[PDB]
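**Student:** Following this message is one structure expressed as structure tokens.
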DNA sequence: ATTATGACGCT
DNA sequence: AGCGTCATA
Ligand SMILES: [Mn+2]
Ligand SMILES: [Mn+2]
Ligand SMILES: [Mn+2]
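In the authors' numbering, the protein residues as written are -2 to 154, 160 to 432.
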């Protein structure tokens, strides 16, 4: 009754850029705008690998992880932009810098948690309280929510899509009680007003469009964001959760897309998030562990407490390259040459980071994969990172891995290396 | 031969 | 610490 926690205390948004690397390339090159286009890395093997796809191209069935040659079979007029190559490898600097543009704008509205290169969570609870106090009990006009969907509406007693959005929004606003400054539905709505403003600012100041979700926690905000992409935002209320979750595959919820989610489905013999409500907390804990069980018990009721962390900057800076098939590194000087390439990019990014962000990395992590190993990483070793010097870092990385060489002869490297990875970690203020 | 990342959990 | 999981362009 009166003591049932309802996961309504916060207003949280997730803002995610639409087709982000494609938009970055379309801003730069107007010829790519409003076209089926994709961003590709490398070229020689099957046309290169697609890592981002415009919505026009998605209509032809083009997806991420498709080879461009294969994408061209679906979409012959597909336009392509290539990721920059520097020091023999893909270099993602243009996209990291475009990300900073967006993150800095969002940070003007609230403290953000950078969740990926193209998305961040926002805790809007305080901003909403302030806006409410300013509103002075004044109703919220539909004109303040021009790109907002209310999930689950319209419902009850027009065949155009914008038409439908407006009838849902109208039903929502008609029902609101703007008299109560503590009403969660009202708080979400004001949250959505602020996110319209945020998204307008991002588009005005960068040229990039994005989508967003507004809810009471991160998981619902993330889920909401995807419901009406691109260039729209979606409000998922607490009350919308039972219907939403009643047909929502478990794998769609963040963190359940992998083995845990598959185990929830197999062990419990269920398919949809809503079906979890029929298990006790202890039952879920018995199968999935204490933490996962409690998380699932609350999450299937729309409740989650994971805070929006105040962190706008990545806490690691890394450089990685695969050496697939017959390009695997089989000699010492090969291994050393590529460690240097990676280390030179790492030094460049580290030095920029120190100037921009007043911090220094103190640990270097070195990771390799060996031919035959299914695992992403075969071996990970750390050493001290005391100087931003590429030659020292690459020499140090070699030192930590030198014993992995199975060969009797030192000039040869075996079994051949199919991945190298350098990562700088453990930052301290400077 | 999707690749290049990046956060967080376990023991 | 080193490994595993899950995630996103
Ligand atoms: Mn995106
Ligand atoms: Mn994203
Ligand atoms: Mn994506």
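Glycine included, C-beta positions come from ideal geometry on N, C-alpha and C.
State buried or exposed for residue 95, treating a residue as buried only when at least 16 other CB atoms are found within 10 Å of its CB.
**Tutor:** Translated into positions along the first chain, residue 95 becomes position 98. Burial call: buried.
**Student:** What is the residue span of the beta strand (DSSP E) that residue 429 lies within?
**Tutor:** Residue 429 sits at position 427 when you count from the first residue of the first chain. Here the beta strand (DSSP E) through residue 429 covers 414 to 431.
**Student:** State yes or no: is the C-beta of residue 215 within less than 7 angstroms of the C-beta of residue 226?
**Tutor:** Within the first chain, numbered from 1, the residue matching residue 215 stands at position 213. Within the first chain, numbered from 1, the residue matching residue 226 stands at position 224. Yes, the pair counts as a contact, with Cβ atoms nearer than the cut-off.
**Student:** Across the segment 394 to 401 and the segment 332 to 350, are there enough close Cβ pairs to call them in contact, namely three or more that are closer than 8 angstroms?
**Tutor:** Enough Cβ pairs lie closer than 8 angstroms, so yes.
**Student:** Relative to the C-alpha of residue 290, which candidate in 279, 135, 266 and 311 has its C-alpha closest?
**Tutor:** Here residue 290 corresponds to residue number 288 of the first chain, with the count starting at 1. Selected option, being the one with the closest Cα: 266.
**Student:** Can you list the beta strand (DSSP E) stretches of 3 or more residues lying completely in the segment 214 to 242, in chain order?
**Tutor:** DSSP runs (the beta strand (DSSP E)) wholly in the segment 214 to 242: 235 to 237.
**Student:** Is any heavy atom in ligand 2 found nearer than 6 angstroms to the beta carbon of residue 116?
**Tutor:** Indexing the first chain from 1 puts residue 116 at position 119. Indeed, a heavy atom of ligand 2 lies less than 6 angstroms from the Cβ.
**Student:** What are the start and end residues of the alpha helix (DSSP H) that includes residue 52?
**Tutor:** On the first chain, position 55 is the one that residue 52 refers to. Start and end: 52 to 55.
**Student:** Taking DSSP as the reference, what is the three-state secondary structure of residue 274?
**Tutor:** Position 272 of the first chain, counted from the first residue, corresponds to residue 274. Residue 274: strand per DSSP, three-state reduction.
**Student:** On the premise that residue 146 lies in contact with residue 220, defined as a C-beta separation below 8 angstroms, what is that separation, rounded to the nearest angstrom?
**Tutor:** Numbered from its first residue, the first chain carries residue 220 at position 218. Numbered from its first residue, the first chain carries residue 146 at position 149. No, residue 220 and residue 146 are not in contact; Cβ-Cβ is about 19 angstroms, not under 8 angstroms.
**Student:** Just verifying my parser: in three-state terms, what is the DSSP assignment at residue 92?
**Tutor:** Counted from its first residue, the first chain places residue 92 at position 95. Three-state result, residue 92: helix.
**Student:** If you drop the 5 nearest sequence neighbours on each side, which residues of the same chain put their C-beta closer than 7 angstroms to that of residue 359?
**Tutor:** As a first step, residue 359 is located in the first chain; it is residue number 357 there, counting from the start. Cβ within range, chain order: 315.
**Student:** Between residue 59 and the rest of its own chain, which residues show a CB-CB distance below 8 angstroms, the 5 nearest in sequence each way excluded?
**Tutor:** Within the first chain, numbered from 1, the residue matching residue 59 stands at position 62. Counting only Cβ-Cβ distances below 8 angstroms, and skipping sequence neighbours, we find 33, 35, 47, 50, 68, 71, 72 and 75.
**Student:** Quick one: what does DSSP say residue 267 is sitting in, helix, strand or coil?
**Tutor:** Within the first chain, the letter at position 265 stands for residue 267. Three-state result, residue 267: helix.
**Student:** Using 8 angstroms for Cβ pairs, my map puts residue 391 next to residue 349. What's the rounded Cβ distance?
**Tutor:** Along the first chain, one-based indexing puts residue 391 at 389. Along the first chain, one-based indexing puts residue 349 at 347. That pair is a contact at about 7 angstroms.
**Student:** Under three-state DSSP, which class holds residue 390?
**Tutor:** Here residue 390 corresponds to residue number 388 of the first chain, with the count starting at 1. Coil.
**Student:** Cutting at 6 angstroms between CB atoms, please list the residues of its own chain near residue 231, excluding the five before and the five after it.
**Tutor:** Translated into the one-based positions of the first chain, residue 231 becomes position 229. Within the same chain, residue 231 has close Cβ partners 213.
**Student:** Residue range of the beta strand (DSSP E) that residue 142 falls in?
**Tutor:** Against the first chain, residue 142 aligns to sequence position 145. Segment: none, residue 142 is in no beta strand (DSSP E) and carries neither H nor E.
**Student:** Measuring only the C-alpha atoms, how far is residue 84 from residue 248?
**Tutor:** As a working note, residue 84 is residue 87 in the first chain. As a working note, residue 248 is residue 246 in the first chain. If I take the Cα positions, the gap works out to 51 angstroms.
**Student:** Would you check whether ligand 2 has a heavy atom nearer than 6 angstroms to the C-beta of residue 13?
**Tutor:** The count along the first chain starts at 1 and reaches residue 13 at position 16. At least one heavy atom of ligand 2 is nearer than 6 angstroms to the Cβ of residue 13, so yes.
**Student:** In terms of alpha-carbon separation, which member of 211, 273, 199 and 260 lies closest to residue 19?
**Tutor:** Reading the first chain from its first residue, position 22 is the one you call residue 19. Residue 19 has its Cα closest to that of 211, out of 211, 273, 199 and 260.
**Student:** Using the DSSP secondary-structure output, state which residues sit across from residue 111 in a beta bridge.
**Tutor:** Numbered from 1 along the first chain, position 114 holds the residue referred to as residue 111. For residue 111, which the question treats as bridged, DSSP gives the partners 117.
**Student:** At 4 residues or longer, what runs of the alpha helix (DSSP H) sit wholly inside the segment 10 to 97?
**Tutor:** For the segment 10 to 97, whole alpha helix (DSSP H) runs of length 4 or above, ordered along the chain, are 17 to 25, 52 to 55 and 65 to 71.
**Student:** For residue 261 and residue 178, I'd like the C-alpha separation in whole angstroms.
**Tutor:** As a working note, residue 261 is residue 259 in the first chain. As a working note, residue 178 is residue 176 in the first chain. Rounded to whole angstroms, residue 261 to residue 178 spans 41 angstroms at the Cα level.
**Student:** Decide if the segment 4 to 22 is in contact with the segment 128 to 137; the criterion is three or more beta carbon pairs, one per stretch, under 8 angstroms apart.
**Tutor:** The answer is no - the segment 128 to 137 does not touch the segment 4 to 22, with fewer than three Cβ pairs under 8 angstroms.
**Student:** Tell me whether residue 17 counts as near ligand 1, meaning its Cβ is closer than 6 angstroms to at least one heavy atom of that ligand.
**Tutor:** Taking the first residue of the first chain as position 1, residue 17 is located at position 20. Residue 17: yes, Cβ under 6 angstroms from ligand 1.
**Student:** Please determine, among 175, 27 and 9, the residue with the shortest C-alpha to C-alpha distance to residue 78.
**Tutor:** Reading the first chain from its first residue, position 81 is the one you call residue 78. Taking only the C-alpha atoms, the option nearest residue 78 is 27.
**Student:** Helix, strand or coil: how does DSSP classify residue 291 here?
**Tutor:** One-based indexing of the first chain puts residue 291 at position 289. Residue 291: coil per DSSP, three-state reduction.
**Student:** Determine the DSSP secondary structure at residue 201, reduced to helix, strand or coil.
**Tutor:** Walking along the first chain from the start, residue 201 turns up at place 199. Residue state, collapsed to three classes: helix.
**Student:** Mapping DSSP to helix, strand and coil, what is residue 407?
**Tutor:** Counted from its first residue, the first chain places residue 407 at position 405. Coil.
**Student:** Does DSSP classify residue 262 as helix, strand or coil?
**Tutor:** Counting from one through the first chain, the residue named residue 262 turns up at place 260. Helix at residue 262.
**Student:** What is the DSSP secondary structure of residue 343, counted as helix, strand or coil?
**Tutor:** Looking up residue 343 in the first chain gives position 341. Three-state DSSP puts residue 343 in a helix.
**Student:** Would the beta-carbon of residue 213 be found less than 6 angstroms away from any heavy atom of ligand 2?
**Tutor:** Counted from its first residue, the first chain places residue 213 at position 211. No - ligand 2 has no heavy atom lying nearer than 6 angstroms to the Cβ of residue 213.
**Student:** Which residues bound the beta strand (DSSP E) around residue 320?
**Tutor:** Locating residue 320 in the first chain gives position 318, where the first residue counts as 1. Residues 319 to 324.
**Student:** Using 8 angstroms for Cβ pairs, my map puts residue 402 next to residue 368. What's the rounded Cβ distance?
**Tutor:** Indexing the first chain from 1 puts residue 402 at position 400. Indexing the first chain from 1 puts residue 368 at position 366. About 5 angstroms; that satisfies the 8 angstroms criterion.
**Student:** Measuring only the C-alpha atoms, how far is residue 423 from residue 102?
**Tutor:** Numbered from its first residue, the first chain carries residue 423 at position 421. Numbered from its first residue, the first chain carries residue 102 at position 105. When rounded, the distance between both Cα atoms is 32 angstroms.
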